[PDB]
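Here's the structure we're looking at; comments come further down.
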Amino acid sequence: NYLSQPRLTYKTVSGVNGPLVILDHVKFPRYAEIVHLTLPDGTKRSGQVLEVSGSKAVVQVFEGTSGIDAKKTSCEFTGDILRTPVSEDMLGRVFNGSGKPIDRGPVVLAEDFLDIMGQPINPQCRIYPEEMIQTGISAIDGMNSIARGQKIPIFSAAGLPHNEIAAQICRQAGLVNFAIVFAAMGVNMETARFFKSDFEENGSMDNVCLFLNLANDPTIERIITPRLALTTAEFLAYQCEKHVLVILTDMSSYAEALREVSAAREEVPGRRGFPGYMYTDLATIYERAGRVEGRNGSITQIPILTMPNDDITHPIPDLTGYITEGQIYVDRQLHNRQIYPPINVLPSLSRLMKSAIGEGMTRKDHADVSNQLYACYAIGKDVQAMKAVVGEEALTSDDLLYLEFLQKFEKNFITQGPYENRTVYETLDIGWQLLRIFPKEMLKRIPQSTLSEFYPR
Amino acid sequence: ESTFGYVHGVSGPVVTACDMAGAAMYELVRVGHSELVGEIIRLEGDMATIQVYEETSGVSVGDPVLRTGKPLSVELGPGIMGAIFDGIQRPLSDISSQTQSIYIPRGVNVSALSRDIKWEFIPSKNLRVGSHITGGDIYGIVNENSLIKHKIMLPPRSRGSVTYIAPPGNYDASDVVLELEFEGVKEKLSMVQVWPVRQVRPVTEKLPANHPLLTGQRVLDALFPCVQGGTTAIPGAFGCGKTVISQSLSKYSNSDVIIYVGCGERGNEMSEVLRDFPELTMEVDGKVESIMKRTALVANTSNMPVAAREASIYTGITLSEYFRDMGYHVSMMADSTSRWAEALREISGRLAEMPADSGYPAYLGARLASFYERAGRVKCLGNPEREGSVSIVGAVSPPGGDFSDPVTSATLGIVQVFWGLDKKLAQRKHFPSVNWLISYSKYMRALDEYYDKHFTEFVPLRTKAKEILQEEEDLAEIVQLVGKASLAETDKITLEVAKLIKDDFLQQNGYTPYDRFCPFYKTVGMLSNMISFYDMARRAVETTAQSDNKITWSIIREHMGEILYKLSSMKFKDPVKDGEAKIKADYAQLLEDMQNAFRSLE
Amino acid sequence: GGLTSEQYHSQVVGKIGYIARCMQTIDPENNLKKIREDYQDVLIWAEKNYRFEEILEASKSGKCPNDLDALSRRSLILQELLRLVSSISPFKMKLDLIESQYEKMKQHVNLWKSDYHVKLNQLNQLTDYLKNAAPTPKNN
Ligand SMILES: Nc1ncnc2c1ncn2[C@@H]1O[C@H](COP(=O)(O)OP(=O)(O)O)[C@@H](O)[C@H]1O
């Protein structure tokens with residue numbers, strides 16, 4: 001039933017501190033209910049109740065507390081949590097951080113209201129994602145393959161072409177209808193236009209929804225921006241059977257809003273001063289993915305994050321690492337050499353590749369090829385590190401073949417055009433024509449049956 | 001007195017409640033009109049602070065808070081096996097059935113066991129009216145599964161004399177199966193007992209551990225063995241393989257039942273288990289059967305409410321102790337004690353308590369200590385004698401991938417086995433990624449009697465394996481400053497057999513049909529051949545380097561390249577296609593081929 | 001890119017009233033018939049003595065034209081014609097040339113990128129420098 005009871009409105013602001021405003025005399029505060037604030041000048045803001053205690057409600061104000069006042073500020077308590085109007089009508093539209101429209105279209109008519117927090121998908125109803133998506137990118141489809149409904153982030157150093165990679169996935173991704181949710185947090189306008197323009201250049205724009213929060217929009221709205229995106233993705237996938245892909249852009253600029261809120265609340269700090277709940281907060285984003293029984297929908301997530309000081313062990317990538325189905329890494333050591341897309345296969349993995357490949361999904365050889373490509377690429381890096389100290393005169397002929405493998409591999413397997421789509425089969429054949437650099441017996445990861453069917457060609 | 005107080009305040013997973021005079025600390029309490037489940041963490045006057053095992057978003061000041069007297073407790077009985085439960089014991093299959101939802105609703109109260117199922121009960125026949133009986137006495141079997149006979153037993157707090165025992169027949173969780181009397185007071189029981197998860201289920205004795213916890217992985221079972229009744233940790237960074245070890249133990253081990261505990265884990269893990277385990281099969285007595293019949297999952301996915309991670313771990317061990325009391329060699333996969341410690345960080349943060357290292361509460365080391373030490377091999381309670389055991393394996397997940405982590409630092413002080421995973425091996429896709437330099441097992445001195453009885457050749461091989469694998473790293477620190485030309489022939493042989501033992505013994509692709517599992521006979525056969533090559537190659541050099549007719553590693557490789565290729569090929573032997581005698585005969589032919597080749601070099 | 005709804009509609013009214021002032025300025029007599037007709041939809045709301053509130057309500061209601069991109073392009077076209085006429089004040093050009101130049105601007109892709117605007121900026125710099133120039137060879 002609808003909430004029929006008339007809304008209260010309080011002037012009883014009794015403190016303000018950082019992004020918090022503390023009400024008093026509140027009649028039965030509800031934890032996590034939303035409050036609208038009117039400032040003395042008639043400006044409207046919104047905020048969530050973070051704590052309640054007897055008559056007190058601690059409200060965090062999304063649009064910042066600057067201009068909140070202890071006498072004239074009016075808080076309309078809405079009486080419920082942060083619901084969002086959702087509809088399939090949100091495809092082909094663009095929204096601000098808090099889900100207000102910015103494409104000059106009207107306010108969304110709700111086909112329903114959903115709780116922004118979503119719900120924990122029941123582990124019994126969840127279906128283990130296995131139907132492969134070809135992204136078209138050899139460094140993915142060959143060695144890091146993505147299942148329909150996987151969650152797998154793209155990690156990057158700063159300034160790397162990770163935007164162009166995500167754009168290419170949103171230009172080439174498909175199975176062996178489809179729709180995209182896109183969200184960006186703390187993005188610069190010089191990149192917001194790139195994403196919006198790319199969905200026009202790909203012709204895709206009619207099947208995609210962009211939630212944009214820019215670096216000069218309010219930082220606390222970034223907390224809800226990816227949650228709005230996921231709530232829309234749940235409506236499209238689980239209510240409407242759409243094969244949804246969710247792009248979350250700079251989870252780092254989201255994580256910085258967590259660190260800010262944490263410091264402002266005085267929460268117990270984990271590594272680098274992120275809140276203790278950092279893992280759970282990231283899970284509350286990243287777990288809304290994968291198929292569920294009876295529903296043909298399948299939320300896939302490709303978060304993107306700039307790793308601070310390029311450090312893989314930083315809390316943002318590292319906690320994301322524990323949650324996601326493996327990770328795709330983009331590297332300066334490739335990008336400086338103009339090797340687009342600069343995806344370094346070696347540190348990458350996909351947890352679901354194990355079941356997304358082989359007969360009925362991909363050619364029989366694929367799993368064996370992937371492992372042997374890791375083996376040779378890795379040994380190539382090891383002999384390169386040897387050559388950099390002791391010179392090529394210390395290397396055996398086989399060690400020089402592993403060095404040549406790494407060179408030929410990066411120039412052919414990883415190197416691909418920004419608009420070039422390669423099938424998995426073409427990627428595997430490039431894999432084999434590189435593996436043929438060694439004698440058949442040297443391919444120690446591959447069984448003799450696979451070698452007899454696929455090595456000689 | 002009032003049965004309920006009222007929510008005085010809320011902050012994330014913490015709810016304060018007024019009018020709670022006479023509450024007990026760690027009492028289980030319902031919160032809110034929707035009847036959320038929680039537990040009292042602190043008392044502060046006529047007022048209480050409750051950790052809530054569901055998300056509190058939506059709770060209001062002045063909502064009812066209903067006491068229950070009972071501490072956090074689990075229903076134990078028939079119909080546990082094959083099920084999946086959340087951290088507060090709700091059976092997910094029945095939630096799915098009753099709600100038809102994709103998600104677990106807030107406020108669900110579904111009974112922990114399916115009280116509608118008539119189970120087949122077989123009373124012990126030894127009991128009769130007037131007989132004396134005590135906690136842990138098996139009053140009857142229930143034929144729960146084709147594998148696991150459930151052995152119902154008197155609750156450990158209970159004692160008395162048999163007033164009534166039910167005849168052989170079909171009964172459920174509400175049917176009275178037994179009635180006692182003690183001190184003139186009668187006590188009825190159904191087939192379901194209830195136990196406080198924070199209280200250890202007692203035993204007659206905790207014995208030493210002395211039978212290997214057989215595991216599919218070569219490197220584990222050979223070089224760092226776990227033992228039935230022993231603890232273990234698998235500290236590893238993200239993507240290191242610790243979860244696949246945890247799967248592999250559950251899929252393939254000599255454990256009579258497995259409790260798997262998905263504490264704060266990624267949701268697709270539970271789906272993968274529930275996808276794979278009904279389809280994978282063991283065999284008993286000439287009947288092939290689905291391994292799910294010997295498991296239960298406690299799940300609490302990473303996005304489920306933080307507090308329930310604590311209740312999940314305590315549920316997983318309390319179930320494990322229940323099956324231990326039946327005499328089963330239980331195993332229990334504590335699938336991340338760091339994500340558990342992070343839940344203790346959360347409650348401590350809300351309570352405003354003083355943190356130890358990295359925000360963790362000071363009692364973290366004490367909670368972990370009093371958890372892993374619930375393992376053991378035990379003389380059970382009660383009269384028919386049983387030797388059950390719990391073996392606990394904890395997938396610690398160090399923040400930043402660094403073992404200076406406080407969860408690791410505490411865990412290593414408690415566990416008798418360390419399987420430290422290396423991210424650099426996982427990057428190379430070397431798996432399982434066990435670092436053989438830092439890993440250790442304290443059980444070797446007890447297990448050496450079992451190896452002496454069944455595998456007398458093994459202790460020499462295990463020693464030579466560990467030594468070669470250390471000598472590799474001793475050589476590497478030299479080679480990286482001068483180049484490989486500095487090596488003596490003994491050192492080249494050392495690095496080569498280390499490369500065999502690394503790439504063809506320690507390496508194991510556990511999803512493939514051939515690396516799926518590895519029997520001990522296959523494992524020792526592989527290692528025996530590799531070390532036989534080491535000793536023979538070393539002997540050949542030592543025999544001939546006293547002369548100008550000196551054998552070298554290159555001479556051996558050029559004469560014996562096929563033998564190196566055969567040695568590498570040993571891993572591909574498949575237990576489904578090849579019998580133990582067939583694999584052993586192939587390995588004997590490798591020993592003979594090596595001997596005849598070396599006899600031609602010398 | 002965007003604004004608060006109050007700001008956005010207040011900018012729309014600003015464009016409408018400005019286009020009307022420019023139309024009155026370039027043509028106090030209704031001689032530029034085809035130009036005037038091509039703005040009748042905006043001009044009516046400002047040639048009528050409507051209150052600012054009434055036109056703001058009509059903008060919120062979608063009764064006034066309200067696309068700021070279209071209004072800005074249309075406003076720019078009129079002002080870059082007005083700028084021409086004003087910049088040649090001592091040499092008032094033919095009406096047929098004005099409506100011809102207007103048609104060329106109406107057809108143009110982007111007036112800010114156009115050499116038309118560049119020529120007028122150069123004319124403006126030269127013209128504006130004279131306004132306070134003292135008697136001097138260069139200035140003469
Ligand atoms: N034993 C293994 N055999 C083959 N591949 C493995 C093995 N261990 C790790 N890998 C691959 O790496 C992935 C990451 O390891 P996993 O245990 O699943 O993640 P995590 O370390 O975070 O818990 C595995 O799911 C699998 O795809």
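By order of appearance in the structure tokens: chains A, B, ..., then residues from 1 within every chain, and ligands from 1 in the order shown.
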**Q.** Given 7 Å and only C-alpha atoms and all ligand atoms, residues near ligand 1 as a PyMOL selection string
**A.** (chain A and resi 322+326+349-354) or (chain B and resi 236-245+426+429+431-433+508-511)
Next, the residues of the selection above should be written as a CSV table (one decimal), in the first residue's frame with N, CA, C and O atoms.
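Printed below is part_27.csv as written:
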```
chain,number,residue,atom,x,y,z
A,322,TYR,N,39.2,-9.2,-4.2
A,322,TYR,CA,38.6,-10.3,-3.5
A,322,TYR,C,37.2,-10.5,-3.9
A,322,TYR,O,36.7,-11.6,-3.7
A,326,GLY,N,37.8,-12.4,-10.9
A,326,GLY,CA,39.1,-12.0,-11.6
A,326,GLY,C,39.0,-10.6,-12.1
A,326,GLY,O,38.0,-9.9,-11.9
A,349,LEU,N,43.2,-12.4,-14.7
A,349,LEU,CA,42.5,-13.7,-14.7
A,349,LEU,C,41.0,-13.4,-14.8
A,349,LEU,O,40.5,-12.4,-14.4
A,350,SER,N,40.3,-14.4,-15.3
A,350,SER,CA,38.8,-14.5,-15.1
A,350,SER,C,38.4,-15.8,-14.4
A,350,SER,O,38.6,-16.9,-14.9
A,351,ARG,N,37.8,-15.6,-13.3
A,351,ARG,CA,37.4,-16.8,-12.4
A,351,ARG,C,36.4,-17.7,-13.2
A,351,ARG,O,36.5,-18.9,-13.0
A,352,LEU,N,35.5,-17.2,-14.1
A,352,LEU,CA,34.5,-17.9,-14.8
A,352,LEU,C,35.0,-18.5,-16.1
A,352,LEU,O,34.3,-19.4,-16.7
A,353,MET,N,36.2,-18.1,-16.6
A,353,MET,CA,36.7,-18.7,-17.9
A,353,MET,C,36.7,-20.2,-17.9
A,353,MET,O,36.3,-20.8,-18.8
A,354,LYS,N,37.1,-20.8,-16.7
A,354,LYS,CA,37.1,-22.2,-16.4
A,354,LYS,C,35.9,-23.0,-17.0
A,354,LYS,O,36.1,-24.1,-17.5
B,236,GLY,N,46.0,-16.0,1.6
B,236,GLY,CA,46.5,-15.6,0.2
B,236,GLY,C,45.8,-14.4,-0.2
B,236,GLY,O,44.7,-14.1,0.2
B,237,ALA,N,46.5,-13.6,-1.1
B,237,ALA,CA,45.9,-12.4,-1.7
B,237,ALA,C,44.7,-12.8,-2.6
B,237,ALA,O,44.4,-13.9,-2.8
B,238,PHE,N,44.1,-11.8,-3.2
B,238,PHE,CA,43.0,-12.0,-4.1
B,238,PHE,C,43.4,-12.8,-5.3
B,238,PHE,O,44.5,-12.5,-5.9
B,239,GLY,N,42.6,-13.8,-5.8
B,239,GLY,CA,42.9,-14.5,-7.0
B,239,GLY,C,44.1,-15.5,-6.8
B,239,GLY,O,44.6,-15.9,-7.9
B,240,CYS,N,44.5,-15.9,-5.6
B,240,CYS,CA,45.6,-16.8,-5.4
B,240,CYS,C,45.2,-18.3,-5.5
B,240,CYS,O,46.1,-19.1,-5.7
B,241,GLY,N,43.9,-18.6,-5.4
B,241,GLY,CA,43.5,-20.0,-5.5
B,241,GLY,C,43.0,-20.6,-4.2
B,241,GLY,O,42.7,-21.8,-4.2
B,242,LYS,N,43.0,-19.9,-3.1
B,242,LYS,CA,42.6,-20.4,-1.8
B,242,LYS,C,41.2,-20.9,-1.9
B,242,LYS,O,40.9,-22.0,-1.3
B,243,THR,N,40.3,-20.3,-2.6
B,243,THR,CA,39.0,-20.8,-2.7
B,243,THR,C,38.9,-22.1,-3.5
B,243,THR,O,38.2,-23.0,-3.1
B,244,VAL,N,39.7,-22.2,-4.6
B,244,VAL,CA,39.8,-23.5,-5.2
B,244,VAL,C,40.4,-24.6,-4.4
B,244,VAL,O,39.9,-25.8,-4.5
B,245,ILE,N,41.3,-24.4,-3.5
B,245,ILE,CA,41.7,-25.4,-2.5
B,245,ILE,C,40.5,-25.8,-1.7
B,245,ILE,O,40.2,-27.0,-1.6
B,426,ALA,N,50.3,-17.3,-8.7
B,426,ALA,CA,49.0,-17.2,-9.3
B,426,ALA,C,49.1,-16.3,-10.5
B,426,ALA,O,48.4,-16.6,-11.5
B,429,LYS,N,50.0,-18.3,-13.3
B,429,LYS,CA,49.0,-19.4,-13.3
B,429,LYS,C,49.6,-20.7,-12.8
B,429,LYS,O,49.2,-21.8,-13.1
B,431,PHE,N,49.5,-23.2,-10.0
B,431,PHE,CA,48.5,-23.5,-9.1
B,431,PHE,C,48.6,-25.0,-8.6
B,431,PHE,O,49.0,-25.8,-9.4
B,432,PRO,N,48.2,-25.3,-7.4
B,432,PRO,CA,47.8,-24.4,-6.4
B,432,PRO,C,49.0,-23.6,-5.9
B,432,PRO,O,50.1,-24.2,-5.9
B,433,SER,N,48.9,-22.4,-5.6
B,433,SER,CA,50.0,-21.4,-5.6
B,433,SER,C,50.8,-21.5,-4.3
B,433,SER,O,51.3,-20.4,-3.8
B,508,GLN,N,49.3,-28.3,-10.6
B,508,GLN,CA,48.1,-29.2,-10.7
B,508,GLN,C,46.8,-28.5,-11.1
B,508,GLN,O,46.3,-27.7,-10.4
B,509,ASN,N,46.3,-28.7,-12.4
B,509,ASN,CA,45.2,-28.0,-12.9
B,509,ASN,C,43.9,-28.6,-12.5
B,509,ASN,O,43.3,-29.4,-13.3
B,510,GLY,N,43.4,-28.3,-11.4
B,510,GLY,CA,42.4,-29.1,-10.6
B,510,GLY,C,41.0,-29.2,-11.3
B,510,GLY,O,40.2,-30.0,-10.8
B,511,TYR,N,40.7,-28.5,-12.3
B,511,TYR,CA,39.5,-28.6,-13.1
B,511,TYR,C,39.5,-29.7,-14.2
B,511,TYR,O,38.5,-30.1,-14.7
```
Show me, as a ChimeraX atom specification, the residues that have an atom within 10 Å of residue 67 (chain C) when counting only C-alpha atoms, minus same-chain residues fewer than 2 positions from it. /A:104 /C:8-9,12,59,62,64-65,69-72
Can I get the selected residues back with N, CA, C and O atoms, as an mmCIF file, in the first residue's frame?
```
data_model
loop_
_atom_site.group_PDB
_atom_site.id
_atom_site.type_symbol
_atom_site.label_atom_id
_atom_site.label_comp_id
_atom_site.auth_asym_id
_atom_site.auth_seq_id
_atom_site.Cartn_x
_atom_site.Cartn_y
_atom_site.Cartn_z
ATOM 1 N N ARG A 104 17.370 16.947 -20.993
ATOM 2 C CA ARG A 104 16.215 17.840 -21.211
ATOM 3 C C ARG A 104 14.877 17.132 -21.415
ATOM 4 O O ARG A 104 13.895 17.784 -21.771
ATOM 5 N N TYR C 8 17.225 27.762 -16.128
ATOM 6 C CA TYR C 8 17.040 27.412 -17.535
ATOM 7 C C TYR C 8 15.902 28.209 -18.174
ATOM 8 O O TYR C 8 16.107 28.914 -19.159
ATOM 9 N N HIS C 9 14.717 28.194 -17.571
ATOM 10 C CA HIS C 9 13.596 28.977 -18.082
ATOM 11 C C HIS C 9 13.879 30.487 -18.023
ATOM 12 O O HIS C 9 13.544 31.215 -18.955
ATOM 13 N N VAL C 12 15.789 31.207 -21.080
ATOM 14 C CA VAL C 12 14.884 31.184 -22.242
ATOM 15 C C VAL C 12 14.180 32.523 -22.413
ATOM 16 O O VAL C 12 14.227 33.109 -23.494
ATOM 17 N N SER C 59 6.894 29.623 -20.545
ATOM 18 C CA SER C 59 8.084 28.798 -20.796
ATOM 19 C C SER C 59 8.044 27.461 -20.054
ATOM 20 O O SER C 59 8.236 26.414 -20.671
ATOM 21 N N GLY C 62 5.610 25.108 -21.701
ATOM 22 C CA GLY C 62 5.927 24.727 -23.083
ATOM 23 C C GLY C 62 5.132 25.485 -24.155
ATOM 24 O O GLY C 62 5.092 25.046 -25.305
ATOM 25 N N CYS C 64 5.699 28.956 -24.830
ATOM 26 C CA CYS C 64 6.832 29.608 -25.488
ATOM 27 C C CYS C 64 7.800 28.568 -26.086
ATOM 28 O O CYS C 64 7.985 27.503 -25.492
ATOM 29 N N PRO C 65 8.510 28.887 -27.181
ATOM 30 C CA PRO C 65 9.708 28.150 -27.585
ATOM 31 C C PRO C 65 10.720 28.100 -26.431
ATOM 32 O O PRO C 65 10.926 29.112 -25.762
ATOM 33 N N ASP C 69 19.381 25.631 -27.181
ATOM 34 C CA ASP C 69 20.332 25.462 -28.286
ATOM 35 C C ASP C 69 19.795 26.155 -29.539
ATOM 36 O O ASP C 69 20.466 27.003 -30.132
ATOM 37 N N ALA C 70 18.543 25.864 -29.892
ATOM 38 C CA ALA C 70 17.874 26.497 -31.019
ATOM 39 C C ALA C 70 17.781 28.010 -30.820
ATOM 40 O O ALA C 70 18.199 28.777 -31.687
ATOM 41 N N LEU C 71 17.304 28.463 -29.659
ATOM 42 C CA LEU C 71 17.207 29.888 -29.368
ATOM 43 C C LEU C 71 18.569 30.569 -29.427
ATOM 44 O O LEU C 71 18.663 31.644 -29.999
ATOM 45 N N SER C 72 19.629 29.952 -28.903
ATOM 46 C CA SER C 72 20.972 30.524 -28.978
ATOM 47 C C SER C 72 21.433 30.637 -30.428
ATOM 48 O O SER C 72 21.811 31.727 -30.844
#
```
- Task: Tell me the residues of chain B close to chain A, meaning within 6 Å using only C-alpha atoms, as JSON, numbers by chain.
- Result: {"B": [8, 9, 10, 11, 57, 58, 59, 60, 61, 102, 103, 104, 238, 266, 268, 270, 271, 272, 302, 303, 304, 349, 358, 359, 400, 427, 428]}
Just to be explicit: take each residue in the selection above, keep N, CA and C atoms, and write the result as a short mmCIF file (atom, residue, chain, number, x, y, z; two decimals), in the first residue's frame.
```cif
data_model
loop_
_atom_site.label_atom_id
_atom_site.label_comp_id
_atom_site.auth_asym_id
_atom_site.auth_seq_id
_atom_site.Cartn_x
_atom_site.Cartn_y
_atom_site.Cartn_z
N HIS B 8 15.73 2.22 21.05
CA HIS B 8 16.14 3.55 21.48
C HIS B 8 16.94 4.27 20.41
N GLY B 9 17.58 3.55 19.50
CA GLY B 9 18.41 4.16 18.47
C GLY B 9 19.01 3.16 17.50
N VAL B 10 19.54 3.61 16.37
CA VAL B 10 20.09 2.74 15.33
C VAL B 10 21.34 3.37 14.73
N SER B 11 22.33 2.56 14.38
CA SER B 11 23.47 2.98 13.58
C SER B 11 24.00 1.77 12.83
N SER B 57 18.30 -0.79 7.84
CA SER B 57 17.69 0.30 7.07
C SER B 57 16.18 0.10 7.00
N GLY B 58 15.41 1.00 7.62
CA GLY B 58 13.97 0.84 7.81
C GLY B 58 13.51 0.70 9.26
N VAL B 59 14.38 0.34 10.19
CA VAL B 59 14.07 0.29 11.62
C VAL B 59 13.83 1.69 12.16
N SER B 60 12.83 1.87 13.01
CA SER B 60 12.50 3.16 13.61
C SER B 60 12.65 3.19 15.11
N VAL B 61 13.01 4.35 15.66
CA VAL B 61 12.95 4.54 17.11
C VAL B 61 11.57 4.17 17.60
N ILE B 102 13.84 -14.12 -6.18
CA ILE B 102 15.27 -14.16 -6.46
C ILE B 102 16.12 -13.77 -5.25
N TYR B 103 15.54 -13.15 -4.21
CA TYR B 103 16.25 -12.61 -3.04
C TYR B 103 15.64 -13.07 -1.72
N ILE B 104 16.46 -13.09 -0.67
CA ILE B 104 16.04 -13.42 0.69
C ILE B 104 15.34 -12.20 1.30
N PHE B 238 44.08 -11.77 -3.19
CA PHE B 238 42.97 -12.03 -4.09
C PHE B 238 43.41 -12.80 -5.32
N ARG B 266 31.87 -14.16 -2.40
CA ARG B 266 31.19 -13.78 -3.64
C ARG B 266 30.08 -14.76 -4.01
N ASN B 268 28.52 -16.09 -6.65
CA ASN B 268 28.71 -17.13 -7.65
C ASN B 268 29.42 -18.36 -7.09
N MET B 270 28.69 -19.90 -4.20
CA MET B 270 27.62 -20.78 -3.74
C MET B 270 26.88 -21.41 -4.92
N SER B 271 26.68 -20.64 -5.98
CA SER B 271 26.07 -21.18 -7.19
C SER B 271 26.94 -22.25 -7.82
N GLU B 272 28.25 -22.05 -7.89
CA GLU B 272 29.18 -23.03 -8.42
C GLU B 272 29.18 -24.32 -7.61
N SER B 302 28.99 -11.78 0.41
CA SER B 302 29.68 -10.56 0.81
C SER B 302 28.77 -9.35 1.03
N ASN B 303 27.67 -9.25 0.29
CA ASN B 303 26.66 -8.20 0.40
C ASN B 303 25.55 -8.47 1.42
N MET B 304 25.46 -9.67 1.98
CA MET B 304 24.51 -9.94 3.07
C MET B 304 24.99 -9.29 4.37
N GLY B 349 33.51 -0.88 15.73
CA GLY B 349 33.44 0.51 15.30
C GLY B 349 32.15 1.18 15.72
N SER B 358 45.13 -2.13 12.66
CA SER B 358 44.27 -1.93 11.48
C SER B 358 42.78 -1.84 11.80
N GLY B 359 42.42 -1.27 12.95
CA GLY B 359 41.02 -1.14 13.35
C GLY B 359 40.41 -2.40 13.97
N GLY B 400 45.62 -6.06 1.14
CA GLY B 400 46.84 -5.72 0.41
C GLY B 400 47.74 -6.91 0.05
N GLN B 427 49.91 -15.25 -10.59
CA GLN B 427 50.14 -14.46 -11.79
C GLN B 427 50.65 -15.36 -12.93
N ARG B 428 51.70 -16.16 -12.69
CA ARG B 428 52.19 -17.19 -13.63
C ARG B 428 51.20 -18.32 -13.93
#
```
Per-residue DSSP, region 174-238 of chain B, filtered to strand (DSSP E or B), as an MDAnalysis selection string:
chainID B and resid 176:182 185:190 193:196 205:207 212 215 227 231:233
CA of residue 145 (chain A) sits from CA of residue 341 (chain A) at a separation of 15.4 Å
Review point. Region 3-79 of chain C: which residues are helix (DSSP H, G or I) by DSSP, as a PyMOL selection string?
Key: chain C and resi 5-26+33-37+40-47+52-60+68-79
Kindly provide, as JSON, numbers by chain, the residues of chain C having any atom no farther than 9 Å from an atom of chain A, counting only C-alpha atoms.
-> {"C": [1, 2, 3, 67]}
